[PDB]
Amino acid sequence: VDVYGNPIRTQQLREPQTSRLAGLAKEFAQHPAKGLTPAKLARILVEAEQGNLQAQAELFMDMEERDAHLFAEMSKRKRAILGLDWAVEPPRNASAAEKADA
Amino acid sequence: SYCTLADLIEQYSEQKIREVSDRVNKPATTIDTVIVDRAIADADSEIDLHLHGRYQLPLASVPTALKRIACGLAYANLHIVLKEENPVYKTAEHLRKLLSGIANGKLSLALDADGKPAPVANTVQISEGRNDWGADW
């Protein structure tokens, strides 16, 4: 089972979960950043806190697209991580089987 | 036609119009419609001169104050010889003063019957206006 302990059934791995929700794939972003005012942004944040993440996510996408400075800073921060070398290491004082699995 | 023969009669009695409109028969017997029509036309022309800069000249309706002014001016015009001290001359000068006040934006043109007159589009004019970057882009 997963690390969270939820029972895992291999039958559902054959199809993506979102495959049965074809309506999502056809959605187009509504661009809430156009004509934005402080009251509207505060409303967006408040409604996002209550579980309406759609408007907040669209606003964040627009914000990252429309600002060159924030764009460059975020790109620098992410490319800093992208350039790091990585490796897989077994558990502490691991055995031969764990070493082979790693 | 801000006024008619009936208006002139109803304002100045019929006997006076009969006196001042008939130039051929002494004593006067009949009102000559041509002279009254021309006097009304001249009064309308003067009012148009005074009002062209603030309203459309071919008015579809006549304000009542305009009717009074036109009748007074027509009666004044009907006199072949008019003195400075003649009371009708004083009334005509008073009406001309009202017309000048209306022209100079000191007095307004009132209702015709129930709706306002048609102010001309003088003050309306302004440049096209360039305000890009403020169209919610």
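In the PDB archive, cryo-EM is given as the structure determination method for this entry, at a resolution of 3.12 Å.

> How should I be thinking about the packing of helix α2 (residues 38-49) of chain A against helix α3 (residues 53-66) of chain A in this particular structure?
How two helices pack is summed up by the angle between their axes together with the distance between the axes. Residues and elements named next belong to chain A. Axis separation between α2 and α3 bottoms out at 7 Å; the angle between their running directions is 130°. The angle between α2 and α3 falls in the class oblique. Both α2 and α3 take part in a crossing whose hand is left-handed. Only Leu53, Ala55, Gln56 and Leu59 of α3 make contact with α2, whose side of the interface consists of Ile44, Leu45 and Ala48. In the contact of α2 with α3, the residues fall into 6 nonpolar, 1 polar and no charged.

> I would appreciate a short explanation of the packing of helix α1 (residues 5-21) of chain B against helix α3 (residues 64-77) of chain B in the present structure.
Residues and elements named next belong to chain B. For the pair α1 and α3, interaxial distance at closest approach is 11 Å and the crossing angle is 5°. Regarding the angle of α1 to α3, the classification is roughly parallel. Residues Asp7, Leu8, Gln11, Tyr12, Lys16, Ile17 and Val20 of α1 touch α3, and the partners they reach there are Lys67, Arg68, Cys71, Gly72, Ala74 and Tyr75. The residue inventory of the contact of α1 with α3, partitioned by class, reads 7 nonpolar, 2 polar and 4 charged.

> How should the environment of B:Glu128 be read in this particular structure?
Along the chain, the position of B:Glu128 falls in the segment after α4 (87-103). Considered as a pair, B:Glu128 and B:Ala110 are 18 residues apart in the sequence and their alpha carbons are 32 Å apart.

> Can you help me understand the pattern of salt bridges in this one?
Working definition: two side chains of opposite charge can pair if their charged atoms are close together. In this structure the tally under the stated criterion is 5 salt bridges over all chains. Across the salt bridge formed by A:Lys78 and A:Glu64, the nearest N and O atoms sit 3.7 Å from each other. On the criterion of sequence distance, the pair formed by A:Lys78 in helix α4 (residues 68-82) and A:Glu64 in helix α3 is long-range, its members being 14 residues apart. A:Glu64 sits in the partly exposed class, given a relative accessible area of 30%. A salt bridge links B:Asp42 to B:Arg38, with the nearest nitrogen and oxygen atoms 3.8 Å apart. Taken together, the residues span about one helical turn, with B:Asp42 and B:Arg38 both in helix α2 (residues 33-51) at a distance of 4 residues. Here B:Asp42 falls in the partly exposed class, since its relative accessible area comes to 35%. In this structure, a network of salt bridges that share partners links the residues B:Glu46, B:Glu93 and B:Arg96.

Here is what the cut-offs are and how they apply
Residues numbered from 1 in each chain as written, not as in the entry; some residues may be left out. Chains lettered and ligands numbered in written order. Part of a larger assembly, values for the part shown. Heavy atoms only, no water. Axes fitted to C-alpha atoms, helices over the stretch in contact; angles between N-to-C directions. Helix = DSSP H or I, 4+ residues; strand = E, 2+ residues; numbered from the N terminus. Parallel < 35°, antiparallel > 145°, perpendicular 65-115°, else oblique. Left-handed = near helix turned anticlockwise from the far one by under 90°. Contact = heavy atoms within 4.5 Å. Nonpolar A, V, L, I, M, F, W, Y, C, P; charged D, E, K, R; others polar. Salt bridge = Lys/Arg side-chain N within 4 Å of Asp/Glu carboxyl O. Buried < 20%, exposed > 50% of the residue type's maximum accessible area, 1.4 Å probe, protein only.

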